[PDB]
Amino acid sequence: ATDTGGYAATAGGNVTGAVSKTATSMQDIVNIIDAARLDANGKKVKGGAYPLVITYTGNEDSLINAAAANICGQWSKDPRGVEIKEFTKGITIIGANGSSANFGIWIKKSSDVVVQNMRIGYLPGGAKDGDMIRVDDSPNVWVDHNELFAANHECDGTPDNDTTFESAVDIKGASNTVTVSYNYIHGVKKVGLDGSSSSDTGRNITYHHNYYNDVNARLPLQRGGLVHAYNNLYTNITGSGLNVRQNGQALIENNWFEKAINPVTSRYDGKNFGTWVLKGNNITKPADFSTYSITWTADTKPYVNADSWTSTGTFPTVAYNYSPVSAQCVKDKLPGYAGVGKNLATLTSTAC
């Protein structure tokens, strides 16, 4: 079906007439997508000729392990990534169990794209937009059951001292409806934007059942629009979590926060603070902060923290259908449903 448990409604390339192809390498993925633009007469078709389901069986563990050992040598290398540009027939890139990639997936001006069961880590090119997953001007995209990692560390002498490694999942432009679910993101400094600038506001994005561990900031850095974050497990957040900016609205429900600094804020602009609706999280009142090691800090410019742990605005009726489990169930069970090799398993109340 087209249900993603979020704003994105897609089946990807898992539709009628889909052509199934197996990619053994990054280059195969590129050659496969390219060939999919040609019709029966060998002539290009705008948006692609047919739907695709690409099963990636490649393994680049040697690159990953080599990079994991020399963290500071990555930012200056050439970035590596597969570009899914202007492909709208529907496409699904799914990793075979045991596969891995030291390259990213950059989606641009496309639609109905599903990325599943991919293990991407320690990407090169942090100083040259070496994102793991980029969703740009692309509606109906589903980023599900992936493991995205690097090192939550900033080396010295990197451009802007913020380029050791780029982001895990950056969303920007007219990527109007996106669902980011069941991903295991760890060891990442900049998790992901939701608007590339003050002017790039909007979109409806859902983050659910994601497991974040040892991440510094941007969970996401929201620029306007709506963000619905439910059933996520946030732990070891070393900087800030959800940063709601430019009057964006967020519904933060049934998540589990632990060992986090500034879990819900609106900072760095000094104005146009966003709002949030808090409900059913493990934290219910300020008393719980001490219980789960939640600390807050101030900013040099005007900011708004959720230290009173109260709702500061409203949120529209959540269009889609979804069944959130309790905050405890997430904390207990989520680590077994998030990531690669979980056969795309989902967490339900019955499993609680």
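All residue numbers refer to positions in the sequence shown, first residue = 1.
The mean Cα B-factor in the deposited entry runs higher for 161-169 than for the other of 119-127 and 161-169.
Stretches 91-99 and 224-232 differ in mean C-alpha B factor, with the higher average recorded for 91-99.
Comparing the C-alpha B-factors of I283, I29, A36, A67 in the entry, the top value falls on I283. Taking the deposited Cα B-factors for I294, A49, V53, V304, the highest one is held by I294. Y212: CA B factor in the lowest third of modelled residues in this chain (values from the PDB entry). Ranked against the other modelled residues of its chain, the C-alpha B-factor of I133 as given in the entry falls in the lowest third.
Split the chain's modelled residues into thirds by C-alpha temperature factor. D156 is in the highest one. Looking at the C-alpha B-factors along this chain, the one for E83 belongs to the middle third. Placement of the Cα temperature factor of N247 within the chain: middle third of the modelled residues, per the deposited record.
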